[PDB]
């Protein structure tokens, strides 16, 4: 409701002041796909803050760090086999 | 009204699907899914699920779909069809309109829609449960178990993503 | 399978009109299925040719069902044989001859007579008996 | 000698072949041993011993 | 069918109850057939690789025969165990369900009227 | 001697399909190396016209040059 | 059963029809395949959140991170048929006639 | 590929199916199917030729769509029972949904047009992987949920595979296309017996797997992909063509070869289930498979075919690859009929 | 160990061995132009591996005991007969050319294997990219007809595709009358009565096709006999050139491993030479081919695999 | 007339001709994903609605 009201008011203000301004007067793909895979892997560790307060955080420590080294591992393989050095 | 807001959003969700299911221009088809993606989170948001809903915005709408239309941007022909163009595209759109109208009309008058799954036509709100959640968000405390109970899930989904990074280079290498 | 149930519920021979309508309904529905596939896997030029393919296929299949149901029923009570497989045998050839005239070839008409006549007797053969084509997993 | 190049299997791979007889005798002696204990166990459990 | 009978320790190629069966004798006709297949494997192996068939690396033939017999012998133990298991649990159900398997009554052929159809 | 198949017998097996049909009467046999023939070039080397719009060229510096999206 | 679920269920069906029917472009088909897992995501979250199946909240995040892997593969294949054929039209993809 | 990087792709998919056969959770089964697809695509495009690019695209779109259809089959079952375990399904349309979804992953019914084109585009070595290992993953799930299967639903899928596999196989020229159609025909046999007793479904799988490796790796040795190209191999390697003939007879199904292993027990099994018209059609239409087996048998070894002068040069050099497991695979696919009572081990 | 993929993982990388002196220089030219002589001088000057012209019996020299087999058993084509009468109904014209192309293909493979393994540069006269000039000459002169051309260039497409063009190609262009000026002296009965137009048709097909279709992929540097005796200059140009504009000095180690996979499998490089396309002039009948193979099989050594013939004194056969 | 004209054309040749015609039908496809997937949609529709497996 309040959230809907806020966004609705913003759209009208943008719409209203737009109207007064209209009537009154492989490398490219690779950067996209590499971001997509990293971004999806990023979503895995987003719940980390509350996950840091689990009662068995020791197992959390092994596996939360697991995803982070895989983030490095995915980049490391990407880097060594060209990868981030995009086609030029 | 306001009681049917989830129904209202669900209705926009369906017509949003007809936007891209009709297979318009890939940029325009993406936009039809972008709004469809946007409203779908609101359906989830109205049921709770803030974090699960927020991902649909972030890693899918602002994520997967950004590189989606990005690929359509540098690909595709020099003449992108405008939504009207081919009569089939508008025929598909109006076709999607008649399916949602007939069921919704059937839903709000007889409430005994049996298409495939028998579904009774009451308001969205007659399904919510009751009870206090204490001081922990049910959604937040569920997916936070990724590192306390999500043991075999993390091992497998992490391994495949690494294979995901290697498969994409191997296909894009060009031998 | 209400559509298939119509043919079974009506007694053999008796109520020839009901049998004929039900039988041609089965053939027409079958004609719809094959024609829909034909347009899908092998598209015609335009929509007018698409309905042209549907028109031929449905008319053939409906004709086979109509003639089979008519001949099978009209032969049953005339011969007073509500159980003899021959009541369906001439029905199969009735469709077989009907198909032959539909595609205008004597040879294919005779073959359709022989094949449909055998199967129609065989389909009847199981109706009196307990033959099951999709038997449940008893063991 | 005929062939200009010494052939891949011309020299007997003594390490590989002696291994194969090693598995062959090991596989047999375990089979003989397996049969005896199985026979003895069946002789015992089934009441004949 | 098996599959989930009471007591199904998974990935157990030889459950302990198999030790109560008469082990397959080394002179079993089934067992020597495994040996015969091993020899045929050896003959093909030399034939495919352009080798002098019979007298061509008899060490490979020995390995093929040994592997087939050994892998065979454990197979018959499982083969006999499951076959014995099928009849074992069978022989108890009939006792627990006697009315499901009623016994016939003694009627000699002197009273049974089997029709005699003449043959010409 | 015992009769053996000849080229006419062999070419019967040599068609694109065993049973000829006007629909398949034009289907060419697959390449033996499994390599389908490359098409022509599909490059997008647009020849950018630098110069008489951009102060970046410092003024009247019309440049004609082609590039692989970024590589001149 | 609430009409919001039937709204989702057709959303799969209309997405399913679009993916199967095809018009010209594989981009649209890849878009249609994404509506598949999308409508699956809201449907999964809706049931799981409604029933307070706490551990089952696993699956929504797990669902799309693997569905997005289809995009990683599906998008890549398109550009290759785009590099070789030109336009990625499905009609071009007919070399494997035999 | 880089040998170490092709290795993990070969066996990430090994593990993907391995997850399916061991997962007790519905989501995890989809996870293994995902890695199954995610590792299959690169292997199909090892050579990078437009046939492979097409074959990968056709394979990916089919498998991905079937995977998506599988998910909502999972969701509907969850929606009606709230159970993530793999057991008998608790709702009809969900049962109907995955049967078609799992079918398209395997490919027997009209969801089979991808099978010929994909294997034709991709290399022979990747052909065996697609036609042998990529069928255990869908079959493992089907054997698991066979109790809730719809008997009408599966059996009509089963014949439509063997009739299509039987019919179209006559007209095929490319050996990979013939092998694919026989795979479709063989796929129908165990899927038909699946509702009755899954032991014969696994038994048919194992035998069919053994026959296919014997077929594919021999063709790899022949280095031939066309019937005429296979025909020439009579002169250079007459022994291989003779073995080509025995496995063709075996995989045809003639007794006492191992092709009579699955059919006979399958024929017997359904006969105990009172379904007697059903076996007769499959046994009779199985001869359609035998005809183009005979067609290949005639052109391979039974009658020698004209050769070329340049292939005298071929005789001057020996083979290089050791074609591992070929000798044991052939023997295990020809003379195992007397070991029929070994099927009790599977159950 | 062999170059099996395990060896690649635990060691050998092709790029380590390659140095500047790792070219695939081919010295081509007209008939009796000294291209064999010039190639020998260049190779011994740089210490490379010179490969003599791939004849009909070159394949026999590459296997067995290096003994040229019987012509029926090793090609079924005599070049001398082709020079005597190319229009012979036996089809010796295209049969000789097609077998020669396969001989060059086998010759090219051995040079590639040595270059990839040792790293030392290789030299060979003619090429698999240059044998087309003879058949194109053999076409315009009426020696063959259209069907032979179609089979040959198709074989070129299905074989030469996965063989990149050499770093630099040497072409000694002696004028055709000057080649005539030396052939009367040569005195080899078959090769006297060549057609002057045919050797003229050697030269022009060399001129506007060989270099132009090789220039865009490699440097083409051209001389005549006066620079063949002056080989000290033809070698410093090799030093001067950077080996640019060539697809060799850009490939990574992955492709080299793939290349060694192909070459080490001798039948694989020969697999597409024996296309099942049935040209009448080269198709061996079933009965004749079966008898010839039986003749090949009864030959010593060829009965079994190498190292497996006790006829030639291979002891320990029972335990190999 | 009887042996190798009619008896040979009733059982053997007619079956061979029927298989030949049907083998043409099954094998002669177009290789178009649009048409293949359209067939999939129909099969999905008949199965979920018309095959009556659901009921």
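Should a chain be cited, it is by its letter among A, B, C, D, E, F, G, H, I and J, assigned in written order, with residues numbered from 1 in that chain.
Operating definition for what follows: a contact is a pair of C-beta atoms (placed from the backbone, for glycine too) under 8 Å apart; a residue touches a chain by one contact, two chains touch by 3 or more.
These are the chains along with the protein names UniProt gives them: A = NADH-ubiquinone oxidoreductase chain 3; B = NADH-ubiquinone oxidoreductase chain 6; C = NADH dehydrogenase [ubiquinone] 1 alpha subcomplex subunit 11; E = NADH dehydrogenase [ubiquinone] 1 subunit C2; G = NADH-ubiquinone oxidoreductase chain 4L; H = NADH-ubiquinone oxidoreductase chain 2.
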item	value
Chain-contact steps, minimal, separating chain C from chain B	2
Which two chains share the largest set of C-beta contact pairs	B-G
Core chain by centroid distance, with centroids computed from Cα atoms only	H
Approximate Å spacing (C-alpha centroids) for the pair chain D, chain I	49
Distance from the mean Cα position of chain H to that of chain B, given in whole angstrom	36
Rounded Å distance between chain C and chain F, as computed from the means of their C-alpha atoms	51
Chain H, residues touching no fewer than two other chains	1, 31, 34, 38, 41, 47, 50-51, 56-58, 61, 65, 93, 117, 120, 152, 156, 170-174, 197, 226, 228-229, 231, 304-306, 318-319
For chain C, residues contacting two or more additional chains	none
Touching two or more other chains - residue numbers and ranges from chain E	49-50, 57, 59
In the complex, chain J residues that touch chain H	19-20, 22-29, 31, 33, 36-37, 39-40, 43-44, 47-48, 51, 53-55
Chain B-facing residues of chain A, complex	1, 26, 28-30, 32-37, 39-44, 46-48, 50-51, 53-57, 59-60, 63-64, 66-67, 70, 73-74, 77-78, 81, 83
Sites on chain I touched by chain D in the complex	2, 63-66, 300-301, 305-309, 312, 314, 316, 319-320
Interface residues, chain C side, partner chain H - complex	126, 131-139
Touch list for chain G against partner chain F, complex	83-86, 95, 97-98
